[PDB]
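1. experimental coordinates follow, after the sequence.
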Amino acid sequence: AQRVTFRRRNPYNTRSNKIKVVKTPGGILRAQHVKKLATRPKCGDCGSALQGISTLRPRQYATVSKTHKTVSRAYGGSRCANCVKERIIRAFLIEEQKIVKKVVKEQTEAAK
Amino acid sequence: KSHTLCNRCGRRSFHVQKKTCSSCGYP
Amino acid sequence: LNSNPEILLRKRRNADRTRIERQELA
Amino acid sequence: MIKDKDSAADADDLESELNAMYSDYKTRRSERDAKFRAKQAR
Amino acid sequence: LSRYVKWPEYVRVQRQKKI
Amino acid sequence: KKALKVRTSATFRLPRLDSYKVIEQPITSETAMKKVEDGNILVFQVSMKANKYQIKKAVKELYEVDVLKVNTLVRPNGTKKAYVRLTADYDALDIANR
RNA sequence: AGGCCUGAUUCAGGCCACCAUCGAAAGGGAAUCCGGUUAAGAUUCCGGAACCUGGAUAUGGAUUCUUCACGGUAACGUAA
RNA sequence: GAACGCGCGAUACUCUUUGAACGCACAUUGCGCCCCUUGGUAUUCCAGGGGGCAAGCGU
Ligand SMILES: [Zn+2]
């Protein structure tokens, strides 16, 4: 039933300073400031959370290996699997349509 | 607390909002 | 491991290509 | 890199460039308010 | 855009006097 | 005939603080002497223009001791106090008696 | 209204656009905890324990025939 | 003229911080760049000292 308060300069209940109450090895209750939770990286096309990539603070990514923040597939770590599949299919079909349109133009200009 | 210390003259005449001194005109 | 100090001169980069371009230029 | 010279065509081109620059300057200085853009729309 | 930046003021004035 | 280039750029651009000055005097209060005796910490008064690097260097030069750490504070009377903790190889009391 | 790059030595060439600065101890923000200690100091001192950032460097391992590694249909996994 | 110190300025009964006040800011003793030099293992790192920074197609 012991009351605890902030341990830093800020006296206001702002998002920046949030308090948890913990029992120290001295048998007493004491406050502890909690950091902001990390946010999962999101896909750049659909905005869904990327799978297989660890969730860390922006500056904590500078200290981990590349396998913990990428995926072995192309666009891995930036776009998800379904978006890459759509990109591949769309690019191939667009190229095929360009070929067909070029053949049609060649035929229609071949009359004269 | 409308006024604070003026660096040029040392008086409590530096208006904090206006950033000007009412005694010596600093700056 | 029983070494011997010495100074090594690295090979110049793009020497043959530059020689060819100079020859064509002249 | 063009190795040609024109006597009066150069003067005409220079005058055209100056006129285009002045027109662009007038348009840029006048389009500072959206009322002018709205008037020019109609 | 505003391409007039390709000519400084003195060049523009001395070419305007040419016309 | 004039030979003028076609590719033209779209924009035209324009073509007195030494060891004896750093340490002014030691602090000889009973708390400071207690720190000297027990904590291996020499308490000094230093100039207001000296940082921790200068205090460490000045102590090292003047007293020929190895400094482990320096902690400085500014006293209400406008003077700076420094706690200099020496390395375990040196005894602060021996330096104080010297 | 300025910075950068290329070049067997020829100063030539090339790229880019856009404005100083001030303004938050309640906004954004790299990282420290416990126990003890004073007449009056503590996430600051003491004891133990741990993190963050920047830098120069060495060792082991990988880079598998000699030259920038693999596995799973897949989501994806990995000491590199 | 002001602030802080011992009439004077760390050489204090040479000339600190300022001020028309001048590297940039300023209600912060806050933030930079350049040159020389010295020390701590030292070509790299860290720090100290000294001195500075208000072309045109016109002829
Ligand atoms: Zn997606």
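-> Good, I have the coordinates. Numbers count the residues shown, from 1 in each chain, chains lettered A, B, ... in the order given.
2. and residue F:86, how many neighbours?
-> For residue F:86, the neighbour count with other Cβ atoms under 10 Å in any protein chain shown is 20. (Each C-beta comes from the backbone N, C-alpha and C, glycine too.)
3. cool, the one 10 residues further on as well?
-> For residue F:96, the neighbour count with other Cβ under 10 Å is 16.
4. grab the nearest non-local neighbour of it.
-> Spatial nearest neighbour of residue F:96, chain neighbours left out: residue F:36 (5.3 Å); criterion: Cβ to Cβ, 6 or more residues apart in numbering or on different chains.
5. sec struct for residue B:8, please.
-> coil (DSSP: H, G, I helix; E, B strand; the rest coil).
6. I'd like the distance between the residue nearest to it when sequence neighbours are not counted and residue B:12.
-> The shortest distance from residue B:8 to any non-neighbouring residue, by Cβ to Cβ, 6+ apart, is to residue B:26 (4.2 Å). Distance, residue B:26 to residue B:12, by Cβ to Cβ, to the nearest Å: 13 Å.
7. swap in residue F:58?
-> Using Cβ to Cβ, one gets 39 Å for the distance from residue F:58 to residue B:12.
8. just checking, the residue nearest to residue F:96 touches residue F:30?
-> No - between residue F:36 and residue F:30 there is no contact under Cβ atoms under 8 Å: 10.5 Å.
9. so which of those two has more stuff around it?
-> Between residue F:36 and residue F:30, counting by other Cβ under 10 Å, residue F:36 is the more crowded of the two (20 against 7).
10. looking at this, the more buried one is in a helix?
-> Yes - checked against three-state DSSP, residue F:36 lies within a helix.
11. need the strands for chain D, in chain order.
-> For chain D, applying DSSP state E gives strands covering D:2-3.
12. can you give me the helices for it?
-> Counting by DSSP state H, chain D has these helices, from start to end: D:8-30, D:34-41.
13. now these as CSV including distance to residue F:94 and mean neighbour count?
-> Shown next, in CSV, are the helices of chain D (distance: least, Cβ to Cβ, whole Å; neighbours: other Cβ atoms under 10 Å in any protein chain shown):
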stretch, distance to residue F:94, mean neighbour count
helix D:8-30, 81, 12
helix D:34-41, 83, 9
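14. having no further points to raise, I will conclude here.
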